[PDB]
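The data below hold one chain only, encoded as structure tokens and taken in the form deposited in one PDB entry.
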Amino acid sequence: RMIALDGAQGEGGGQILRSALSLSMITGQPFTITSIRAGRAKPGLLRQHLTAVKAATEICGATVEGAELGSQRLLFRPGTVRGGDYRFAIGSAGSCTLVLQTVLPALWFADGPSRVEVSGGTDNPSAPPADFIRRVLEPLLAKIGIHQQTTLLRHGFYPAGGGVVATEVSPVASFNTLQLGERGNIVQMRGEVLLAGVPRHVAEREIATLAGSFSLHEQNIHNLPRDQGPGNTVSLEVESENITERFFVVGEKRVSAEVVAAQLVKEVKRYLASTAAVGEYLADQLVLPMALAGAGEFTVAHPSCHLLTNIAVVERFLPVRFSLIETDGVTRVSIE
């Protein structure tokens, strides 16, 4: 019939909208979202939100109402998802990988393989980096039966645009049940700095700061072309027996190298202070693929707002139900 979602408790243009669009396209169930961002100084749908709506519309021939800047109500009626070669542009206002997060789950169910290319910001603080999708999320999708490969073609450092990320995807042939739990032993720790139009001593101090808290098996510094900057990010990959995780921080004006790296150290220590393989962010990104498989579980040390949001949206669109059981400081998230 018509699923009605609330857009005023938060994320109405963001995580609820993205997950609803994917689930709507996959299941063919229409939805409406109301009061979108009603309490924000610039309320309703902004350009980056509209980009996701428009991208979804393109891949399933949707009928839409309210997809206009400042609209606080959206009605989305999907048609049939179709594969193809798609190009989208979100600009400096949004994140390439969040457009991908919106459309890729629907293309797992398309009538053939697809390629999606998105231009815009790539190294934004509240979005998954293309390297996280490629090196953390995609190996797990593969275990679930889902095959997609993401490549970053050029960077656009928040808050500028200009970046380009592309993903090749094939329709799923068969789903598998992924079960994750403890992280197991460390295999190696890898530290990376990206610099663009930022002096090399910054990267030196950042790697040195990471090396001050962890024994780094790999250290990588990559200087990009000037015009992809200014930008700087620092990342740490933890490859373990049972999973690979990655953490990152984006450099900002008026934050020094030392403090930027310290933030990343604190986050990695928090990860390693719990037994769980899955990290805070990956957790919310496993909810939809596991739900679509119909089974799966993982443990996570602190279930986030995004994790619970995604669970709630999935449960509106699918008969799947999630169980969360806390045991000794970690929460087992499992499909019943």
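In this text, residue numbers run from 1 along the sequence as written. Residues that one form lacks are left out of the comparison. The term rigid core refers to the most C-alpha atoms you can superpose between the two forms while keeping them within 1.5 Å.
The same protein also has a form deposited in another entry, omitted here; what follows describes it.
Here the rigid core is superposed between this form and the one not shown, and of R40, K54, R47, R270 the C-alpha of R40 is the only one to shift by 2 Å or more. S323: CA moves less than 2 Å between this form and the one not shown after rigid-core fitting. After superposing the rigid core, the C-alpha of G191 moves by less than 2 Å between this form and the one not shown.
Once the rigid core is used as the reference frame, the Cα position of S126 differs between this form and the one not shown by 2 Å or more. Between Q15 and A41, the Cα spacing is smaller in the other form than in the shown form, differing by no less than 3 Å. In the other form, the Cα-Cα separation between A41 and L98 shrinks by 3 Å or more relative to the displayed conformation. After superposition on the rigid core, the segments of 3 or more consecutive residues displaced by 2 Å or more at every C-alpha between this form and the one not shown are found at 8-13, 38-42, 125-128.
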